[PDB]
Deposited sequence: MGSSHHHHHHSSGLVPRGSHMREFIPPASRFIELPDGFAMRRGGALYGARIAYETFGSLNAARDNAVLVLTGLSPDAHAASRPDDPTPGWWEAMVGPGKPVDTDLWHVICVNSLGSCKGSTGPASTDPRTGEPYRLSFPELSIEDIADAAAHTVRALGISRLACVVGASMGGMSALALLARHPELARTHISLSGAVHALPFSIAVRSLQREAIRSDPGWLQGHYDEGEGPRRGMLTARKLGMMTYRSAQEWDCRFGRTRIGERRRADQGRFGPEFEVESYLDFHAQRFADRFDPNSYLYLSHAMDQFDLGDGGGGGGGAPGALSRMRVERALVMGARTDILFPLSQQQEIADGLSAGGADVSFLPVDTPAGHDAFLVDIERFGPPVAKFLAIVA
């Protein structure tokens, strides 16, 4: 397939040519999205959610697609992001493979998948495509734009490029740009894929493809998404309970391989490369003629209030990067609540430790309501 689209996906066509930041334009492209909760009469309770690199737009379950969403505990009736109050809109990032146009999508000019002919992807493109989607839904101003991980970058790009589109912002484990360690990690992940003979320079198509490289990319990711101490605490030196040369012997290995399979079977290799690359290239304050770098860009944003959170154990987007976002937004007049979370779940905390990330989000939205 190379494209894995949720059954209740809806789409917004990106009209005519959609110009990409680093050159070229997409034609016949679209953004896959899903909504949760009722949009009110004034259309002023819309909340946009920009995702991390790997999820689809199915953030939460719904009667028409009861399968749990990737953020099931965060979004829903009576939950931190209460769908009884908000009209949540989640979009599949442009460049992905869960419905929105990406490398695995068909190029109308050739009738074949774009593969590596897909225009270089930028975080700004993901932001612009999401902005168009929200406007196409008849919403001129979001009550809030939520961004987590890669989505934190996408959200900042949206706030900088479409200042009148969001009243408030919730930034979870985001950054204005990637630091060396995370660049090194993503570099190795992309390497695991490009080093797999099955990649065939991106022309693996219906073939098996670089599946082994994908499993590995996912393993390396998982290992850096949560604190080393937490791993030692969850598995210890326990051997595999399931009971030929140099094969797995520890439960931690079994665990990683297990979840790695789910990713390798549900993600397009080329799409991963493009998204991974976009994350490394993003730099909030590098252009526009405004000055002040990232802090300057944040100060110029027009959000009224913002909630910024990060995990103390996050080694991909360290806490200091979340503090930087909070400081920059506040420097520009926004009423900012910053909250460092004492969790061992690192970068995955906003996904797996909603028991800690959830209450502060609810508290902030209660004020926005």
Not represented among the modelled residues are deposited positions 1 to 20, 264 to 268
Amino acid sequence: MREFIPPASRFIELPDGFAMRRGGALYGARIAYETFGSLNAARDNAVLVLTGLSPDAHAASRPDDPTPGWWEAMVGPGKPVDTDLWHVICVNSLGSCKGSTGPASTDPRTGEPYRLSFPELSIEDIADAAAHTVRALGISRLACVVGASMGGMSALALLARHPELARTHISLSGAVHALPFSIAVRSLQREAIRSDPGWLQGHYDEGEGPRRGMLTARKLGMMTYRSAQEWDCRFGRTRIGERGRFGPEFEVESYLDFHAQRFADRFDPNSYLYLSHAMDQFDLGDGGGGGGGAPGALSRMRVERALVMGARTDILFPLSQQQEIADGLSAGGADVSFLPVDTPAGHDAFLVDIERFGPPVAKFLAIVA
From here on, numbers count along this sequence of modelled residues.
Looking only at C-alpha temperature factors in the entry, 56 to 64 or 321 to 329, the higher average sits in 56 to 64
The stretch carrying the higher mean Cα B factor in the deposited entry, 281 to 289 or 130 to 138, is 281 to 289
Reading the B-factor column for Cα atoms of 117, 229, 154, 182, the highest value belongs to 229
Entry record, C-alpha B-factors for 259, 98, 186, 87; the maximum is at 259
For residue 41, the third of its chain by CA B-factor is the highest
Here the Cα B-factor of residue 307, set against its chain, lands in the third termed lowest
By the entry's values, the third containing the CA B factor of residue 147 is the lowest
Chain thirds by Cα B factor, record data; residue 124 belongs to the lowest
Among the modelled residues of its chain, the C-alpha B-factor of residue 77 falls in the third labelled middle
